[PDB]
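Presented as structure tokens, the chain that follows is alone, the form deposited in one PDB entry.
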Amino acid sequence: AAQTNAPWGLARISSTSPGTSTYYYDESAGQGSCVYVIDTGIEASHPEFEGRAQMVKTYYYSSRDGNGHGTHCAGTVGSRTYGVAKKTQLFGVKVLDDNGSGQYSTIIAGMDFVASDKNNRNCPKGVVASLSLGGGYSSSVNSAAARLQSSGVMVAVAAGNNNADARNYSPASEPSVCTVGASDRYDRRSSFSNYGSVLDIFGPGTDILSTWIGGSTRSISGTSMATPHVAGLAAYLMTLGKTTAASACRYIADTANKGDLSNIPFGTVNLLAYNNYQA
């Protein structure tokens, strides 16, 4: 399948070169997979989600996304126009308040929630969780991410936006999950992207168009935006049967575009997420 005039990041993940604008992908499109977006919520009524999104849990007075960040990330996972995996099922877990903040205890509870809640959902092709969040190093936060991964969920986490080594941030620094840095449309490391040996992969993160609250759209930047590209890619590849939740991060690294990014610090992987789709 071909989506013309796609957001640059979608075109990038199906291309061996920057500078194109059509996204190519297998029409299975993540059907039968599920992606949890653990964030500020999801505006599931947005036409872009086509009834495939739903809120399943909140720790606050509403499950609605009063911020936009979670809706944007969910759109990059799975919206019809802005998403990588256009037929996946999206489940929102609101661990962040409408200012985008959340206590680590709530975030940990949300991860353990997903590890159990997947047993209440129909995801025959597999389960992914996208975590566009983080703070300073916490062994308890890392352990929660490790449990979620161990339970059979492909966990993708943001590296962070400090232009610093991600070893000092959580859940970015957890080795067993997929830690995602950000790149721009010219294949440069995004100016804010964290780096370091704990990163597994880069995805598009600068000037990413996606869904927003109020039935709208906007372009924003962050490792928060790169993470759902990888989460959606994992769901797509799992639906194709090419990999599993336990092996998808490694498979994405195996099959990535290699050595094509600029300003990658010595010791950080130079790997850009790529779907290897041959039309």
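Start at 1 with the first residue shown and count on from there.
Heads up, the form deposited with a partner chain bound isn't pictured, but that's what we're talking about next.
Residues within 4.5 angstroms of the partner chain in the bound PDB entry, judged by any non-hydrogen atom, belong to 218-226 and to none of the other stretches in 44-52, 218-226, 242-250, 22-30. Although the partner is absent from the chain shown here, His69, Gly102 and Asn161 each have a heavy atom within 4.5 Å of the partner chain in the bound PDB entry.
Remark: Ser150 does not count among the residues lining the partner chain in the bound PDB entry, judged by a heavy atom distance of 4.5 Å or less.
The closest heavy atom approach of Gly134 to the partner chain in the bound PDB entry falls within 4.5 Å. In the bound PDB entry, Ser138 approaches the partner chain with a heavy atom inside 4.5 Å. The closest non-hydrogen atom of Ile201 lies beyond 4.5 Å of the partner chain in the bound PDB entry.
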